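Report on the following structure.
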Amino acid sequence: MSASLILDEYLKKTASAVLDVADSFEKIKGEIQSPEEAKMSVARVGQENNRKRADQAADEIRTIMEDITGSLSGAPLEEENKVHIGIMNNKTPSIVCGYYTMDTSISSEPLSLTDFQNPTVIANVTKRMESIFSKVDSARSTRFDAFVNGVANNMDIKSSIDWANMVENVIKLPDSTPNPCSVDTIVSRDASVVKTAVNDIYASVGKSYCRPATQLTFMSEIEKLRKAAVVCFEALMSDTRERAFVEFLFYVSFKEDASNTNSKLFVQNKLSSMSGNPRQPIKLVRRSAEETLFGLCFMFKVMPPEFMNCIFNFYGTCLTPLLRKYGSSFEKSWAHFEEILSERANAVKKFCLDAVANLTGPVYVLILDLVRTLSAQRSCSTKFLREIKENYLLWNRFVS
Amino acid sequence: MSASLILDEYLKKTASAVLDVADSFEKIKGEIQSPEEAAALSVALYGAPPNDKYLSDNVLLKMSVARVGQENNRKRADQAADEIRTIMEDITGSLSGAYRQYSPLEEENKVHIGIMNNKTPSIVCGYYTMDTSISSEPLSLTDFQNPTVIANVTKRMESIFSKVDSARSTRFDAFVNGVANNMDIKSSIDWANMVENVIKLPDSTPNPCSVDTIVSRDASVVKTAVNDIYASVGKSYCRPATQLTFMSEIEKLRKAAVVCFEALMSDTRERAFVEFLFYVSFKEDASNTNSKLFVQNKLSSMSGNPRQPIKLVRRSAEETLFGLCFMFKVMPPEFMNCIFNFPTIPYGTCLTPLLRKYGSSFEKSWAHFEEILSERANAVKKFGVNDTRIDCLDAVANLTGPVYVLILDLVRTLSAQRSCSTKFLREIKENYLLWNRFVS
């Protein structure tokens with residue numbers, strides 16, 4: 001349609017409108033609000049400056065999106081104080097080489113369920129429970145008996161110690177085994193399916209609204225974006241899920257070696273680890289079924305109640321309620337994304353009539369929402385991992 | 001089917017009319033010249049891109065605003081309100097009402113010393129016990145600057161810094177000499193001297209004690225900003241049409257925005273001081289290291305019973321200088337300045353290059369707020385309010401960027417700042433945790 005029909009369709013529609021009101025004004029009554037109907041250069045520079053101004057706000061989401069998804073692989077005091085064990089596709093841990101070491105001089109046996117369900121190793125810790133709380137706790141809540149039975153009857157605890165054994169035996173065997181340790185200090189599982197998702201967002205905010213103030217109108221460009229968001233959102237949330245579990249165990253079960261009580265050079269070489277010299281493998285020692293039971297127990301009554309219902313069990317729609325009380329809002333901001341993608345999708349299936357705006361484009365305001373819903377989560381995530389390790393700094397202080 | 005309904009569809013249909021003309025303008029290699037044709041009450045006869053009027057003057061404005069080709073969205077007037085007024089207020093944790101908020105037991109582990117405006121520390125009542133038996137001499141500037149320990153710490157500095165390198169480990173004494181002979185450290189130790197006396201002395205002594213920390217001693221001036229930033233919609237002069245259009249309103253925001261941002265960057269400034277010194281100028285008690293009583297005492301704070309505070313003891317001049325010269329060697333070179341002048345209240349610009357190491361968010365997003373704001377300010381000042389009527393002043397105002405985006409840049413600037421602050425306050429924390437392991 002050439003420039004003629006461009007105007008005729010306007011003149012017709014804008015005439016059909018003005019006639020409709022009169023045709024419907026057969027009625028007569030009393031009312032006061034009767035809104036009844038029947039520079040160009042300096043006003044322009046307000047736009048030229050704004051268009052390029054708003055073109056960069058989205059452009060500064062190109063950046064942050066890539067920047068915020070550096071967690072999933074891409075492209076150092078925080079590093080060496082972070083656990084390194086990592087779940088691999090075969091549900092068996094996968095660890096970087098040369099970061100730990102384990103004394104194999106004693107024939108260690110894998111403590112199975114019986115080591116946990118023994119009526120003694122639950123009775124001994126039973127009194128150990130109040131030995132913490134009974135000092136100040138509400139003495140009416142001293143019914144910590146069933147609490148010991150709580151994790152005891154929880155048939156999930158089997159899978160816990162099982163994986164713990166899987167975390168256990170893997171360090172024993174060297175790098176010459178069919179379960180080799182990764183050579184680079186990093187681990188990475190879903191870096192590919194997300195890397196093709198971030199460049200998807202770029203291409204979306206890039207071409208779709210260079211300056212098409214109103215163009216997002218294909219059932220493809222919609223889906224070519226919805227699939228980008230749901231992948232990047234879950235993948236990040238997936239890390240927060242798996243990273244929470246994989247560090248919860250290495251802390252509750254494993255324990256720094258005490259025979260090498262020399263803490264004068266342990267801090268020393270740990271600094272060289274930051275330098276670039278080869279790492280000194282830190283030595284760990286396991287813990288008997290008694291205190292590992294005293295770990296899982298205390299670690300429950302301190303975390304929010306939704307923890308055991310979510311983390312111990314093993315887009316998520318299950319960790320989000322637990323995650324709520326730490327972060328500000330990784331969900332309310334996410335609503336506005338699912339709403340505009342909905343109302344735009346509902347319309348584009350029928351035939352804008354739904355999202356009317358000529359100031360900036362719609363795809364500019366969705367990507368401006370996605371960046372800020374992911375920012376909350378990562379900001380919320382790093383607070384959880386800081387909270388759980390904190391309690392580990394407390395449970396460690398008591399027994400050792 | 002009354003006047004409301006019949007006018008509603010008209011405004012809606014004519015809105016779709018204008019927007020489809022835009023849709024019709026669809027060609028590849030989109031230029032950067034777009035139609036600002038929508039400066040009217042209903043655009044007409046713009047093919048350029050390719051009887052007795054009343055005098056009430058109040059119904060003349062609101063009516064003309066009711067029918068505007070571009071003012072056809074009130075879901076956006078709320079996302080401004082429903083989000084910004086809420087998340088701006090919420091993100092400000094420099095005050096709190098008596099209702100729900102997010103703070104788990106982690107607050108207890110956080111150090112608790114407040115900086116009273118008189119530059120003297122204010123400590124929450126009864127959260128520390130101290131060895132009041134030995135009334136030793138409070139430390140003095142010459143106690144540090146003795147020629148004895150300045151050599152000793154270096155001898156210890158080689159120790160912890162031995163496994164980093166040997167060849168490039170040529171000399172660092174001059175640095176250690178520097179951190180002592182600096183002109184300001186005297187305030188630090190004197191400020192450290194102000195710690196002990198108030199800590200050991202009784203509660204109601206001439207040096208007072210508080211019930212809860214008011215460490216957000218800007219709570220008055222910052223609440224006035226939230227009393228202000230609501231000038232968008234919520235406050236008394238809730239002029240619903242044309243939010244953020246009157247130049248009087250806009251200049252209120254900038255002043256109210258900047259005061260809210262410098263406050264937070266002053267809060268992380270301040271708390272960076274009060275955490276660092278206390279960590280390096282004190283230590284736990286080597287006598288009463290009973291782990292048993294320790295944990296039950298902490299957990300007592302969660303219960304709400306009167307907690308029995310912890311025991312600490314002032315540190316040796318040796319380890320303090322060692323801790324000082326160490327923390328002045330791990331953090332970026334800027335640190336030595338941002339920790340010194342804090343008792344000499346300014347500026348604050350020196351913290352920005354430091355904090356921007358962690359996250360690239362705040363240093364660039366904040367710049368994007370003053371830009372759009374200044375640009376929108378220039379827009380209205382160029383259009384003399386007395387010259388043009390309101391029906392057009394809005395349509396050119398929102399042309400400079402909608403409201404729910406501008407006042408949202410501040411949030412994703414503010415929240416971005418706090419998100420990287422808590423990293424820095426934690427970065428220096430475990431930095432000291434790694435060092436405290438050595439002194440133990």
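Naming works like this for the structure tokens: A, B, ... for the chains as they're shown, residue 1 at the start of each chain, ligands 1 onward in shown order.
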
With a distance cut-off of 12 Å and only C-alpha atoms, select the neighbouring residues of stretch 133-140 of chain B, excluding the residue or stretch itself and same-chain residues fewer than 5 positions from it, and output the selection as a JSON list (two decimals) with N, CA, C and O atoms, in the first residue's frame.
[["chain", "number", "residue", "atom", "x", "y", "z"],
["B", 145, "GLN", "N", 53.99, 4.98, 66.87],
["B", 145, "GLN", "CA", 55.10, 5.52, 66.09],
["B", 145, "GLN", "C", 56.46, 5.24, 66.71],
["B", 145, "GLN", "O", 57.44, 5.88, 66.31],
["B", 146, "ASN", "N", 56.54, 4.33, 67.66],
["B", 146, "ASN", "CA", 57.83, 3.94, 68.19],
["B", 146, "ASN", "C", 58.66, 3.27, 67.10],
["B", 146, "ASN", "O", 58.11, 2.59, 66.23],
["B", 185, "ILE", "N", 46.47, 8.84, 60.89],
["B", 185, "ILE", "CA", 46.28, 7.65, 61.73],
["B", 185, "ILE", "C", 46.08, 8.05, 63.19],
["B", 185, "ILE", "O", 45.43, 7.32, 63.96],
["B", 186, "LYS", "N", 46.61, 9.20, 63.59],
["B", 186, "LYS", "CA", 46.41, 9.66, 64.96],
["B", 186, "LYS", "C", 44.93, 9.80, 65.28],
["B", 186, "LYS", "O", 44.49, 9.41, 66.36],
["B", 187, "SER", "N", 44.15, 10.31, 64.34],
["B", 187, "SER", "CA", 42.71, 10.36, 64.54],
["B", 187, "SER", "C", 42.14, 8.96, 64.70],
["B", 187, "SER", "O", 41.31, 8.72, 65.59],
["B", 188, "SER", "N", 42.59, 8.02, 63.87],
["B", 188, "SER", "CA", 42.11, 6.65, 63.94],
["B", 188, "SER", "C", 42.30, 6.08, 65.34],
["B", 188, "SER", "O", 41.33, 5.65, 65.98],
["B", 189, "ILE", "N", 43.54, 6.07, 65.83],
["B", 189, "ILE", "CA", 43.79, 5.52, 67.15],
["B", 189, "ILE", "C", 43.07, 6.33, 68.22],
["B", 189, "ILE", "O", 42.49, 5.76, 69.15],
["B", 190, "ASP", "N", 43.07, 7.66, 68.10],
["B", 190, "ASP", "CA", 42.26, 8.46, 69.00],
["B", 190, "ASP", "C", 40.79, 8.07, 68.89],
["B", 190, "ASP", "O", 40.12, 7.89, 69.92],
["B", 191, "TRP", "N", 40.28, 7.92, 67.67],
["B", 191, "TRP", "CA", 38.93, 7.38, 67.52],
["B", 191, "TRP", "C", 38.84, 6.00, 68.14],
["B", 191, "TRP", "O", 37.85, 5.67, 68.81],
["B", 192, "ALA", "N", 39.87, 5.17, 67.94],
["B", 192, "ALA", "CA", 39.92, 3.89, 68.64],
["B", 192, "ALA", "C", 39.96, 4.10, 70.15],
["B", 192, "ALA", "O", 39.37, 3.32, 70.90],
["B", 193, "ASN", "N", 40.65, 5.15, 70.61],
["B", 193, "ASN", "CA", 40.60, 5.48, 72.03],
["B", 193, "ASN", "C", 39.19, 5.84, 72.47],
["B", 193, "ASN", "O", 38.78, 5.52, 73.59],
["B", 194, "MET", "N", 38.43, 6.52, 71.60],
["B", 194, "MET", "CA", 37.06, 6.86, 71.95],
["B", 194, "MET", "C", 36.19, 5.61, 72.04],
["B", 194, "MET", "O", 35.08, 5.66, 72.59],
["B", 195, "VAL", "N", 36.65, 4.49, 71.50],
["B", 195, "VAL", "CA", 35.87, 3.27, 71.55],
["B", 195, "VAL", "C", 35.89, 2.71, 72.96],
["B", 195, "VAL", "O", 34.84, 2.46, 73.56],
["B", 196, "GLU", "N", 37.09, 2.51, 73.51],
["B", 196, "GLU", "CA", 37.23, 1.73, 74.74],
["B", 196, "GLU", "C", 36.50, 2.38, 75.90],
["B", 196, "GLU", "O", 35.68, 1.73, 76.57],
["B", 197, "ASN", "N", 36.77, 3.66, 76.15],
["B", 197, "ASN", "CA", 36.26, 4.32, 77.35],
["B", 197, "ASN", "C", 34.74, 4.23, 77.43],
["B", 197, "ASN", "O", 34.18, 3.79, 78.44],
["B", 200, "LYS", "N", 33.70, 0.63, 78.15],
["B", 200, "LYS", "CA", 33.89, 0.10, 79.50],
["B", 200, "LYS", "C", 33.08, 0.89, 80.53],
["B", 200, "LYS", "O", 32.57, 0.30, 81.49],
["B", 201, "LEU", "N", 32.96, 2.20, 80.35],
["B", 201, "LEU", "CA", 32.31, 3.04, 81.34],
["B", 201, "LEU", "C", 30.83, 2.65, 81.44],
["B", 201, "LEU", "O", 30.26, 2.09, 80.50],
["B", 281, "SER", "N", 40.96, -3.20, 65.43],
["B", 281, "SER", "CA", 41.38, -2.60, 66.69],
["B", 281, "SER", "C", 40.91, -3.38, 67.91],
["B", 281, "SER", "O", 41.04, -2.89, 69.03],
["B", 313, "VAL", "N", 38.96, -7.75, 74.03],
["B", 313, "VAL", "CA", 40.10, -7.07, 74.65],
["B", 313, "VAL", "C", 40.83, -6.28, 73.58],
["B", 313, "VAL", "O", 40.98, -6.74, 72.44],
["B", 314, "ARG", "N", 41.27, -5.08, 73.93],
["B", 314, "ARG", "CA", 41.99, -4.24, 72.99],
["B", 314, "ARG", "C", 43.25, -4.95, 72.50],
["B", 314, "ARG", "O", 43.85, -5.76, 73.21],
["B", 315, "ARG", "N", 43.64, -4.64, 71.27],
["B", 315, "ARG", "CA", 44.70, -5.36, 70.60],
["B", 315, "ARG", "C", 46.05, -4.69, 70.86],
["B", 315, "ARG", "O", 46.14, -3.53, 71.25],
["B", 316, "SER", "N", 47.10, -5.46, 70.63],
["B", 316, "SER", "CA", 48.45, -4.93, 70.78],
["B", 316, "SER", "C", 48.75, -3.97, 69.65],
["B", 316, "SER", "O", 48.30, -4.15, 68.52],
["B", 317, "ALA", "N", 49.51, -2.92, 69.97],
["B", 317, "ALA", "CA", 49.94, -1.98, 68.95],
["B", 317, "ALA", "C", 50.62, -2.69, 67.79],
["B", 317, "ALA", "O", 50.53, -2.24, 66.64],
["B", 318, "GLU", "N", 51.29, -3.80, 68.07],
["B", 318, "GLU", "CA", 51.95, -4.56, 67.01],
["B", 318, "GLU", "C", 50.95, -5.08, 66.00],
["B", 318, "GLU", "O", 51.00, -4.72, 64.81],
["B", 320, "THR", "N", 47.83, -4.44, 65.52],
["B", 320, "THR", "CA", 46.99, -3.42, 64.90],
["B", 320, "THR", "C", 47.68, -2.82, 63.69],
["B", 320, "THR", "O", 47.12, -2.78, 62.59]]

Give me, as a VMD selection string, all polymer residues having an atom no more than 8 Å from stretch 385-396 of chain A, counting only C-alpha atoms and skipping those fewer than 3 positions away in the same chain.
(chain A and resid 244 248 251 to 252 295 298 to 299 302 to 303 381 to 382 399 to 400) or (chain B and resid 106 295)

List every residue of stretch 204-359 of chain B that DSSP, applied to the backbone of this structure, assigns to helix (DSSP H, G or I), and report them as a compact mmCIF listing (two decimals) with N, CA and C atoms, in the first residue's frame.
# COMPACT_ATOMS: atom_id res chain seq x y z
N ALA B 219 18.22 9.71 59.10
CA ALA B 219 16.83 9.28 58.99
C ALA B 219 15.88 10.45 58.83
N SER B 220 16.21 11.61 59.40
CA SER B 220 15.36 12.78 59.23
C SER B 220 15.48 13.34 57.83
N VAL B 221 16.70 13.62 57.38
CA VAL B 221 16.87 14.26 56.08
C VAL B 221 16.50 13.31 54.95
N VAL B 222 16.60 12.00 55.18
CA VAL B 222 16.28 11.08 54.09
C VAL B 222 14.78 10.84 54.02
N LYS B 223 14.10 10.83 55.17
CA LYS B 223 12.65 10.71 55.14
C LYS B 223 12.02 11.89 54.43
N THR B 224 12.62 13.07 54.56
CA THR B 224 12.15 14.23 53.81
C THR B 224 12.27 14.01 52.31
N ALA B 225 13.21 13.17 51.87
CA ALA B 225 13.32 12.86 50.45
C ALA B 225 12.20 11.93 50.00
N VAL B 226 11.82 10.97 50.84
CA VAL B 226 10.68 10.12 50.50
C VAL B 226 9.38 10.90 50.64
N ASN B 227 9.29 11.76 51.67
CA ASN B 227 8.25 12.78 51.69
C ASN B 227 8.27 13.62 50.42
N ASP B 228 9.40 13.63 49.70
CA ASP B 228 9.55 14.43 48.50
C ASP B 228 9.36 13.61 47.23
N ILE B 229 10.14 12.54 47.06
CA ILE B 229 10.12 11.77 45.81
C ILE B 229 8.70 11.38 45.44
N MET B 247 8.05 22.61 36.01
CA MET B 247 9.46 22.74 36.36
C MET B 247 9.66 22.82 37.86
N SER B 248 8.70 23.38 38.59
CA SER B 248 8.80 23.42 40.04
C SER B 248 8.85 22.02 40.61
N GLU B 249 8.05 21.11 40.06
CA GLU B 249 8.06 19.73 40.54
C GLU B 249 9.36 19.04 40.18
N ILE B 250 9.89 19.30 38.98
CA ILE B 250 11.04 18.55 38.51
C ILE B 250 12.29 18.91 39.31
N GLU B 251 12.50 20.20 39.57
CA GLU B 251 13.65 20.58 40.37
C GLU B 251 13.57 20.03 41.78
N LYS B 252 12.36 19.73 42.26
CA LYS B 252 12.24 19.07 43.55
C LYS B 252 12.83 17.68 43.50
N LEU B 253 12.61 16.96 42.40
CA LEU B 253 13.09 15.59 42.30
C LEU B 253 14.61 15.53 42.33
N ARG B 254 15.27 16.30 41.46
CA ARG B 254 16.72 16.25 41.37
C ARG B 254 17.36 16.48 42.73
N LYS B 255 16.94 17.54 43.42
CA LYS B 255 17.45 17.77 44.77
C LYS B 255 17.06 16.63 45.69
N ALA B 256 15.84 16.11 45.55
CA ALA B 256 15.42 15.01 46.40
C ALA B 256 16.06 13.70 45.98
N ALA B 257 16.37 13.55 44.69
CA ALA B 257 17.05 12.35 44.25
C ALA B 257 18.48 12.32 44.75
N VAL B 258 19.22 13.41 44.52
CA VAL B 258 20.63 13.42 44.88
C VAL B 258 20.82 13.24 46.38
N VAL B 259 19.92 13.79 47.19
CA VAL B 259 20.08 13.67 48.63
C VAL B 259 19.85 12.23 49.06
N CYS B 260 18.99 11.51 48.34
CA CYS B 260 18.74 10.12 48.68
C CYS B 260 19.88 9.22 48.26
N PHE B 261 20.58 9.57 47.19
CA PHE B 261 21.68 8.75 46.71
C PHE B 261 22.95 8.98 47.51
N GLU B 262 23.30 10.24 47.77
CA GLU B 262 24.51 10.50 48.53
C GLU B 262 24.39 9.97 49.94
N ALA B 263 23.17 9.89 50.47
CA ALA B 263 22.97 9.34 51.80
C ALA B 263 23.41 7.89 51.84
N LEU B 264 22.90 7.07 50.92
CA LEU B 264 23.27 5.66 50.90
C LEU B 264 24.77 5.51 50.69
N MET B 265 25.33 6.23 49.72
CA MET B 265 26.77 6.18 49.51
C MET B 265 27.53 6.77 50.68
N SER B 266 26.86 7.52 51.56
CA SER B 266 27.47 7.91 52.82
C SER B 266 27.27 6.85 53.89
N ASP B 267 26.18 6.09 53.80
CA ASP B 267 25.95 5.01 54.75
C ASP B 267 26.98 3.91 54.57
N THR B 268 27.17 3.44 53.34
CA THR B 268 28.19 2.44 53.10
C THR B 268 29.58 3.00 53.35
N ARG B 269 29.78 4.29 53.10
CA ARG B 269 31.00 4.96 53.51
C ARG B 269 31.22 4.79 55.01
N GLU B 270 30.26 5.27 55.80
CA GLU B 270 30.38 5.24 57.25
C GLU B 270 30.58 3.82 57.76
N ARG B 271 29.65 2.93 57.45
CA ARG B 271 29.72 1.58 57.99
C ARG B 271 31.00 0.87 57.57
N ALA B 272 31.58 1.26 56.43
CA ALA B 272 32.87 0.70 56.06
C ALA B 272 33.94 1.05 57.08
N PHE B 273 33.87 2.25 57.65
CA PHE B 273 34.80 2.64 58.70
C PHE B 273 34.54 1.84 59.97
N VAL B 274 33.31 1.90 60.48
CA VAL B 274 33.03 1.34 61.80
C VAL B 274 33.23 -0.16 61.81
N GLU B 275 33.10 -0.82 60.66
CA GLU B 275 33.39 -2.25 60.63
C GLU B 275 34.89 -2.50 60.64
N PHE B 276 35.64 -1.75 59.83
CA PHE B 276 37.06 -2.03 59.66
C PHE B 276 37.82 -1.85 60.96
N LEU B 277 37.69 -0.68 61.58
CA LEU B 277 38.43 -0.39 62.80
C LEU B 277 38.15 -1.44 63.87
N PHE B 278 36.88 -1.61 64.24
CA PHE B 278 36.52 -2.56 65.29
C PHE B 278 37.10 -3.94 65.02
N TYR B 279 37.06 -4.39 63.77
CA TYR B 279 37.64 -5.68 63.44
C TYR B 279 39.15 -5.69 63.67
N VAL B 280 39.82 -4.59 63.33
CA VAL B 280 41.28 -4.56 63.42
C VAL B 280 41.77 -4.01 64.75
N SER B 291 33.50 -22.35 73.71
CA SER B 291 32.60 -22.43 72.56
C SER B 291 31.18 -22.73 72.99
N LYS B 292 31.00 -23.50 74.06
CA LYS B 292 29.67 -23.89 74.50
C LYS B 292 28.84 -22.67 74.85
N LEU B 293 29.31 -21.88 75.82
CA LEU B 293 28.56 -20.70 76.24
C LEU B 293 28.39 -19.71 75.10
N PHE B 294 29.32 -19.72 74.14
CA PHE B 294 29.27 -18.76 73.04
C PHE B 294 27.98 -18.89 72.24
N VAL B 295 27.73 -20.08 71.70
CA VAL B 295 26.63 -20.24 70.75
C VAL B 295 25.28 -20.04 71.43
N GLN B 296 25.10 -20.61 72.61
CA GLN B 296 23.85 -20.42 73.33
C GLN B 296 23.62 -18.96 73.68
N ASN B 297 24.70 -18.20 73.88
CA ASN B 297 24.55 -16.77 74.13
C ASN B 297 24.05 -16.04 72.89
N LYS B 298 24.64 -16.34 71.73
CA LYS B 298 24.17 -15.73 70.50
C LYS B 298 22.71 -16.08 70.24
N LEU B 299 22.40 -17.38 70.24
CA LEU B 299 21.03 -17.82 70.06
C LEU B 299 20.09 -17.21 71.09
N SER B 300 20.61 -16.74 72.22
CA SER B 300 19.76 -16.05 73.18
C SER B 300 19.22 -14.75 72.61
N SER B 301 20.00 -14.08 71.76
CA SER B 301 19.54 -12.84 71.16
C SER B 301 18.33 -13.08 70.27
N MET B 302 18.34 -14.20 69.54
CA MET B 302 17.17 -14.55 68.73
C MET B 302 15.94 -14.76 69.59
N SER B 303 16.11 -15.33 70.78
CA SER B 303 14.95 -15.61 71.63
C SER B 303 14.28 -14.32 72.08
N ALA B 317 49.51 -2.92 69.97
CA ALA B 317 49.94 -1.98 68.95
C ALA B 317 50.62 -2.69 67.79
N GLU B 318 51.29 -3.80 68.07
CA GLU B 318 51.95 -4.56 67.01
C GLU B 318 50.95 -5.08 66.00
N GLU B 319 50.01 -5.92 66.44
CA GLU B 319 49.08 -6.54 65.51
C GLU B 319 48.18 -5.53 64.83
N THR B 320 47.83 -4.44 65.52
CA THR B 320 46.99 -3.42 64.90
C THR B 320 47.68 -2.82 63.69
N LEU B 321 48.91 -2.33 63.87
CA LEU B 321 49.68 -1.83 62.74
C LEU B 321 49.84 -2.91 61.69
N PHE B 322 50.08 -4.15 62.12
CA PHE B 322 50.16 -5.25 61.17
C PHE B 322 48.84 -5.41 60.42
N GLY B 323 47.74 -5.51 61.16
CA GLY B 323 46.44 -5.59 60.51
C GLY B 323 46.17 -4.39 59.62
N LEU B 324 46.51 -3.20 60.10
CA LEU B 324 46.33 -2.00 59.29
C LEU B 324 47.15 -2.07 58.01
N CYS B 325 48.46 -2.28 58.15
CA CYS B 325 49.32 -2.32 56.97
C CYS B 325 48.97 -3.48 56.06
N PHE B 326 48.34 -4.53 56.59
CA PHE B 326 47.92 -5.64 55.74
C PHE B 326 46.68 -5.28 54.95
N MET B 327 45.63 -4.82 55.63
CA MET B 327 44.41 -4.45 54.93
C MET B 327 44.66 -3.30 53.97
N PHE B 328 45.71 -2.51 54.21
CA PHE B 328 46.11 -1.48 53.26
C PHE B 328 46.96 -2.03 52.13
N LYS B 329 47.16 -3.35 52.08
CA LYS B 329 47.93 -3.98 51.03
C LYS B 329 47.10 -4.91 50.16
N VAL B 330 45.93 -5.34 50.61
CA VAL B 330 45.10 -6.26 49.85
C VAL B 330 44.04 -5.52 49.04
N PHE B 335 42.04 2.58 48.81
CA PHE B 335 41.45 2.38 50.13
C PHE B 335 42.05 3.31 51.17
N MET B 336 43.38 3.43 51.19
CA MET B 336 44.06 4.21 52.22
C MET B 336 43.47 5.60 52.39
N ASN B 337 42.82 6.14 51.36
CA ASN B 337 42.24 7.47 51.46
C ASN B 337 40.80 7.44 51.95
N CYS B 338 39.99 6.48 51.50
CA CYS B 338 38.58 6.49 51.85
C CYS B 338 38.33 6.10 53.29
N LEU B 351 34.86 7.31 46.93
CA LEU B 351 34.39 5.94 47.10
C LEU B 351 33.93 5.34 45.78
N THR B 352 33.46 6.16 44.85
CA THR B 352 32.91 5.63 43.61
C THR B 352 33.91 4.82 42.80
N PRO B 353 35.16 5.25 42.59
CA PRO B 353 36.08 4.39 41.83
C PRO B 353 36.38 3.10 42.55
N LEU B 354 36.31 3.10 43.88
CA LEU B 354 36.53 1.87 44.63
C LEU B 354 35.36 0.92 44.45
N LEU B 355 34.15 1.39 44.74
CA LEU B 355 32.99 0.51 44.71
C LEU B 355 32.74 -0.01 43.30

When you look at stretch 109-112 of chain A with a cut-off of 10 Å (counting only C-alpha atoms), what residues show up, excluding the ones that are within fewer than 2 positions of it in the same chain? I need them as a PyMOL selection string.
chain A and resi 106-107+114-117+158+161-162+164-166+168-169+288-289

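Considering the residues B:311, B:163, B:112, B:155 and counting only C-alpha atoms, chain A has its shortest atom-to-atom contact with B:163.
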
According to DSSP computed on the backbone, where in stretch 76-287 of chain A is there strand (DSSP E)? Give the residues as a ChimeraX atom specification.
/A:86-87,93-94,100-102,255-256,282-285

Take the residues just selected and output them with N, CA and C atoms as a PDB file, in the first residue's frame.
ATOM      1  N   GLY A  86      30.767 -30.181  42.256  1.00  0.00           N
ATOM      2  CA  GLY A  86      29.726 -29.821  41.314  1.00  0.00           C
ATOM      3  C   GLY A  86      28.982 -30.992  40.708  1.00  0.00           C
ATOM      4  N   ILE A  87      27.654 -30.911  40.699  1.00  0.00           N
ATOM      5  CA  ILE A  87      26.823 -31.975  40.147  1.00  0.00           C
ATOM      6  C   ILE A  87      27.009 -32.027  38.636  1.00  0.00           C
ATOM      7  N   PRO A  93      28.890 -36.068  41.600  1.00  0.00           N
ATOM      8  CA  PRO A  93      29.697 -34.845  41.711  1.00  0.00           C
ATOM      9  C   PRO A  93      30.881 -34.799  40.761  1.00  0.00           C
ATOM     10  N   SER A  94      31.353 -33.589  40.477  1.00  0.00           N
ATOM     11  CA  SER A  94      32.469 -33.379  39.565  1.00  0.00           C
ATOM     12  C   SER A  94      33.278 -32.208  40.097  1.00  0.00           C
ATOM     13  N   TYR A 100      41.791 -30.376  46.629  1.00  0.00           N
ATOM     14  CA  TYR A 100      41.604 -31.047  47.905  1.00  0.00           C
ATOM     15  C   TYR A 100      42.549 -32.238  47.995  1.00  0.00           C
ATOM     16  N   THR A 101      42.555 -32.874  49.166  1.00  0.00           N
ATOM     17  CA  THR A 101      43.259 -34.135  49.364  1.00  0.00           C
ATOM     18  C   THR A 101      42.644 -34.849  50.558  1.00  0.00           C
ATOM     19  N   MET A 102      42.761 -36.176  50.561  1.00  0.00           N
ATOM     20  CA  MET A 102      42.073 -37.013  51.535  1.00  0.00           C
ATOM     21  C   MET A 102      43.017 -38.097  52.026  1.00  0.00           C
ATOM     22  N   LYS A 255      34.974 -31.941  57.063  1.00  0.00           N
ATOM     23  CA  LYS A 255      35.554 -31.103  58.100  1.00  0.00           C
ATOM     24  C   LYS A 255      37.047 -30.980  57.849  1.00  0.00           C
ATOM     25  N   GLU A 256      37.554 -29.755  57.969  1.00  0.00           N
ATOM     26  CA  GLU A 256      38.978 -29.495  57.818  1.00  0.00           C
ATOM     27  C   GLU A 256      39.786 -30.403  58.730  1.00  0.00           C
ATOM     28  N   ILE A 282      44.245 -28.791  50.136  1.00  0.00           N
ATOM     29  CA  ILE A 282      43.796 -28.760  51.519  1.00  0.00           C
ATOM     30  C   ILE A 282      43.281 -30.139  51.899  1.00  0.00           C
ATOM     31  N   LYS A 283      43.563 -30.552  53.128  1.00  0.00           N
ATOM     32  CA  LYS A 283      43.200 -31.878  53.606  1.00  0.00           C
ATOM     33  C   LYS A 283      41.901 -31.802  54.391  1.00  0.00           C
ATOM     34  N   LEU A 284      40.974 -32.695  54.074  1.00  0.00           N
ATOM     35  CA  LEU A 284      39.702 -32.780  54.765  1.00  0.00           C
ATOM     36  C   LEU A 284      39.611 -34.121  55.478  1.00  0.00           C
ATOM     37  N   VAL A 285      38.740 -34.178  56.479  1.00  0.00           N
ATOM     38  CA  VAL A 285      38.434 -35.409  57.194  1.00  0.00           C
ATOM     39  C   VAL A 285      36.924 -35.509  57.317  1.00  0.00           C
TER      40      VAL A 285
END
